[PDB]
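As structure tokens, the structure follows; a few thoughts come after it.
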Amino acid sequence: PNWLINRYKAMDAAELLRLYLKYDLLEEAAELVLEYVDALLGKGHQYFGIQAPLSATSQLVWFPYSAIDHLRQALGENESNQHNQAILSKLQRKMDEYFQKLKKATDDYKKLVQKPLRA
Amino acid sequence: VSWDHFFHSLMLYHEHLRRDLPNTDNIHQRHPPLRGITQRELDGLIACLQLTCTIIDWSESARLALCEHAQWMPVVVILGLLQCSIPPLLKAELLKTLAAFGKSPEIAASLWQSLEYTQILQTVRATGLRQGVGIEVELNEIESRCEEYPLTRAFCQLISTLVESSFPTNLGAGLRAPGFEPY
Amino acid sequence: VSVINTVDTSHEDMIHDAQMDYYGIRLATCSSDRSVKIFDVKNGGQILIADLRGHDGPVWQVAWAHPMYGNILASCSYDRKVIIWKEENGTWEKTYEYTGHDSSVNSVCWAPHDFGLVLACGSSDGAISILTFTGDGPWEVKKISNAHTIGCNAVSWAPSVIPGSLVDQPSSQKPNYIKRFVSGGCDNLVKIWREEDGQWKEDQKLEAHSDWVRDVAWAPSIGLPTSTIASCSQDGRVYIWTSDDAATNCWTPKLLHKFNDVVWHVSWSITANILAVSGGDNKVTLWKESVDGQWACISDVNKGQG
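Chains as they are written, first to last, in the deposited numbering: chain E, 1317 to 1435; chain A, 550 to 732; chain H, 2 to 307.
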């Protein structure tokens, strides 16, 4: 019933992803992860208890790698399932966009932290 | 004759029977000689379970009070003991005792979930378990040889009681794929 | 050593760190799941006795205090807090919370009990905080600002050494201990700190790592005059730092080994001067110095041989 969900998703912005991939809710799990990545890119961060995107240097960013690897395994165990493969390919393309932007932001943070040991 | 003696005794048997378990890595394992619960001890346990079953069958207050007790945790202990090995009569009495606990509606919902997790009945084969590895092997190897079927009957009684309180519902995502199909 | 009964922490994520209590009757564990779990594993029998929740992010390190102060546990987290947990009458409670860091608190270490109830805390803000409990009133805080240029990853206390323990101190004064600790940071430095006149000063800089120092461990005093520190880094190196004379303050680095991957941290054995080294290769290696001063690997422990 949407009230509960909305309220356990900016107070505890993940562990539910786990309640989801346990109660066999693969579809909705991939959805939550995508939503969270979207938040992290500065888009809708207020609906994910996130303070910053490409701003105020780099602080903390928890990446739910184990839940994403379970999603990759579950999408690979369905094989024939065309719908799950279409979702998996969309998710992979989005993860690659994220890792490319993360690499750029990390390289720019490394340049920012190198200015100044000239005080 | 106290609740402390009954549930401590069950716990001791549960601890003793589990330690006699042989590690998979270890090759050739010998128990310090399985203290096969003596026949007298067995008769005593059976009599205790029968008495418990009679009390909980007639008294709803007693049934709820015994199941909610924090130290005895009877449902956990009993289900734990069922995963151990004993001669079929004791198993039958344990099932009867569970049946007596099940005459009360919500306990039933939690019990279905617990039964699915404990894989007393092997729902989904694990590590090529195939035949046996559960009540099916006991039925074919142990009860069929003894030409007596107490365990099968008790199991049917349990299922029958559970179906009455619900054909329950989704009995386990992630594992199988729903359904009361296997049973 | 043959493995015994298999434990179960009933967790939902990777345990980042684990520490046994002083008597080896309890295990504290902490995780990305934001919990600190306490197990009373006495004579086998795995037993969760507490699930301590109070952090808003991953918990990085746990530290047991000396049992003379009762059952006290510290935890530090990505949430920039340090929490002090105490057991009273079998109930675990948060007795203190320190929020004086601007970034993730990566490491916590209790001082030798001779110094009092003192906790060192290293943060990703580059500062180190020393929390002192005097028995009366609130915790006192001495903060070393800009201890490391980028961030502090690890802190370890020096052993309690009485200056001149071979000379009869007149029996009416508490020995004046030289309080020291070592820190490792993201500026590739291992730094030694000393208390002087109630202030903490940088006593030495140790330069040998080419990337972030991940962990630092001061070896316990085995009654030898030589002080030993281990450090490990992102550069895959482990260094053993030795100082033979406490008066010269001269630290010499010896390369222990270079791994092909990151090294987390090295933990000293209390009795045998054995270094445990945990690598990114998912191995734990044990190292011991031979009589010729060479360091040899005495065991390689892989995930999965239990």
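Note that the Cβ used here is the ideal one computed from N, Cα and C, for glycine as well.
Spatial neighbours of residue i in its chain, beta-carbon cut-off 6 Å, leaving aside the 5 residues before and after
i        : result
H:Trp140 : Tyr97, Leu132, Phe134
H:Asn147 : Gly127
A:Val673 : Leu724, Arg725
H:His102 : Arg81, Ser124, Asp126
H:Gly280 : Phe260, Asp262, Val264
A:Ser714 : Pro654, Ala657
Integer Cβ distance of residue i from residue j, believed to fall under 8 Å
i         : j         : result
H:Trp158  : H:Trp219  : 6 Å
E:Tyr1339 : A:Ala722  : 5 Å
A:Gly651  : A:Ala657  : 6 Å
H:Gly55   : H:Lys87   : With 8 Å as the limit, H:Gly55 and H:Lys87 do not qualify as a contact, their Cβ atoms being about 13 Å apart.
H:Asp41   : H:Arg27   : 5 Å
E:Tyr1363 : E:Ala1326 : 7 Å
H:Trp269  : H:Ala231  : 7 Å
H:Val142  : H:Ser184  : In fact, because the Cβ distance is near 17 Å, the residues do not count as touching under 8 Å.
H:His12   : H:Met69   : Their Cβ separation, rounded to whole angstroms, is 31 Å, which puts H:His12 and H:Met69 out of contact at 8 Å.
E:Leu1387 : E:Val1349 : 7 Å
E:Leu1376 : H:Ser108  : 16 Å between Cβ atoms; not a contact.
A:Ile684  : A:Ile669  : 7 Å
H:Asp188  : H:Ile151  : 5 Å
Contact under 9 Å by Cβ, residue i with residue j
i                      : j         : result
H:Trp61                : H:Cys77   : yes
H:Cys153               : H:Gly186  : yes
H:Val63                : H:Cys122  : no
A:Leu630               : A:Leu700  : no
H:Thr7                 : H:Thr30   : no
H:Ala277               : H:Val292  : no
H:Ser33                : H:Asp52   : no
H:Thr229               : H:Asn274  : yes
H:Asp80                : H:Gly58   : yes
residue 334 of chain H : H:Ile129  : Given a span of 2 to 307 for chain H in the structure shown, any question on residue 334 of chain H remains unanswerable.
H:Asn250               : H:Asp282  : no
H:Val191               : H:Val162  : no
A:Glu642               : A:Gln599  : yes
A:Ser663               : A:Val624  : yes
E:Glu1395              : E:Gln1401 : yes
E:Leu1391              : E:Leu1407 : yes
A:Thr667               : A:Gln632  : yes
A:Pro727               : A:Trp661  : no
E:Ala1329              : E:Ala1383 : no
H:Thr272               : H:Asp245  : no
Residue from the options with nearest C-alpha to residue i
i         : options                                    : result
H:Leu167  : H:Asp301, H:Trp86, H:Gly224, H:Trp296      : H:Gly224
H:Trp252  : H:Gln235, H:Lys259, H:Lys206               : H:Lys206
H:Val263  : H:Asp301, H:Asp212, H:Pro254, H:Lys304     : H:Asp212
H:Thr100  : H:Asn90, H:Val119, H:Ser124                : H:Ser124
H:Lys259  : H:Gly58, H:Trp269, H:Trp288, H:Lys38       : H:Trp288
H:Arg195  : H:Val214, H:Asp216, H:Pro160               : H:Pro160
H:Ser300  : H:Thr286, H:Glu290, H:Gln306               : H:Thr286
A:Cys695  : A:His557, A:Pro636, A:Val712               : A:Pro636
H:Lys43   : H:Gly71, H:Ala297, H:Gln306, H:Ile5        : H:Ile5
E:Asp1385 : E:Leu1356, E:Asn1322, E:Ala1346, E:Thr1422 : E:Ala1346
H:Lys180  : H:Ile151, H:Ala247, H:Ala209, H:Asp236     : H:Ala247
E:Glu1393 : E:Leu1342, E:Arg1323, E:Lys1406, E:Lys1420 : E:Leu1342
H:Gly237  : H:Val37, H:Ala209, H:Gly307                : H:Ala209
A:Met560  : A:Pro731, A:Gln578, A:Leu628               : A:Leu628
A:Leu638  : A:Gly593, A:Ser610, A:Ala675               : A:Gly593
H:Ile16   : H:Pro221, H:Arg35, H:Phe182                : H:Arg35
H:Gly91   : H:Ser3, H:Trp111, H:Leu120, H:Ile50        : H:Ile50
Own chain, CB closer than 8 Å to residue i, minus 5 neighbours either side, in chain order
i        : result
A:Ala648 : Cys602, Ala703, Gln706, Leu707, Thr710
A:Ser634 : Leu566
H:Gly117 : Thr133, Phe134, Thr135
Close beta carbons around residue i, own chain, < 7 Å, minus the five adjacent residues each side
i        : result
A:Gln680 : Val686
A:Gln578 : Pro571, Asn572
Any non-hydrogen atom of the ligand MG within 8 Å of residue i CB
i        : result
H:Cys153 : As for the ligand MG, it is missing from this structure, which has no ligand bound.
### Query
For the stretch 1320 to 1347 of chain E, which residues have a beta carbon sitting closer than 9 Å to at least one beta carbon of chain A?
Taken in chain order, the members of the stretch 1320 to 1347 of chain E whose beta-carbon sits within less than 9 Å of a beta-carbon on chain A are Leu1337, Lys1338, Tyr1339, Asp1340, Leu1341.
### Task
Please list the residues of the stretch 103 to 124 of chain H that have a C-beta atom closer than 9 Å to any C-beta atom in chain E, keeping them in chain order.
Against chain E - using a Cβ distance shorter than 9 Å - the residues of the stretch 103 to 124 of chain H are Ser104, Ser105.
### Message
Under 7 Å, CB to CB, which of the residues in the stretch 661 to 693 of chain A have a partner in chain D?
### Response
Chain labels in this structure do not include chain D; the protein chains are E, A and H.
### Message
Beta carbons nearer than 7 Å to chain E: which residues of the stretch 700 to 729 of chain A have them?
### Response
Per Cβ criterion, the list reads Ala722, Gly723.
#### Entry: Interface residues of the stretch 135 to 168 of chain H facing chain E [CB-CB below 9 Å]
Flagged, chain order: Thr150, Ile151.
### Task
Using a Cβ-Cβ cut-off of less than 8 Å, list which residues of the stretch 1416 to 1435 of chain E approach chain H; keep chain order.
If the cut-off is 8 Å between Cβ atoms, the stretch 1416 to 1435 of chain E has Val1429, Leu1433 near chain H.
### Task
Using a Cβ-Cβ cut-off of less than 8 Å, give me the residues of the stretch 45 to 73 of chain H that come near chain E, in sequence order.
Residues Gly58, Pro59.
### Message
Residues of the stretch 1356 to 1386 of chain E in Cβ contact with chain H at a cutoff of 8 Å, in chain order, please.
### Response
Going along the stretch 1356 to 1386 of chain E in chain order, one finds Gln1375, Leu1376, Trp1378, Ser1382 with a Cβ nearer than 8 Å to chain H.
### Message
Short of 7 Å Cβ to Cβ, which residues in the stretch 7 to 27 of chain H face chain E?
### Response
Closer than 7 Å at the C-beta level to chain E, one finds these residues of the stretch 7 to 27 of chain H: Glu13.
### Task
Below 8 Å between beta carbons is the criterion; list the residues of the stretch 78 to 98 of chain H that meet it against any residue of chain E, in chain order.
Taking 8 Å as the upper bound on Cβ-Cβ separation, chain E lies near residues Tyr79 of the stretch 78 to 98 of chain H.
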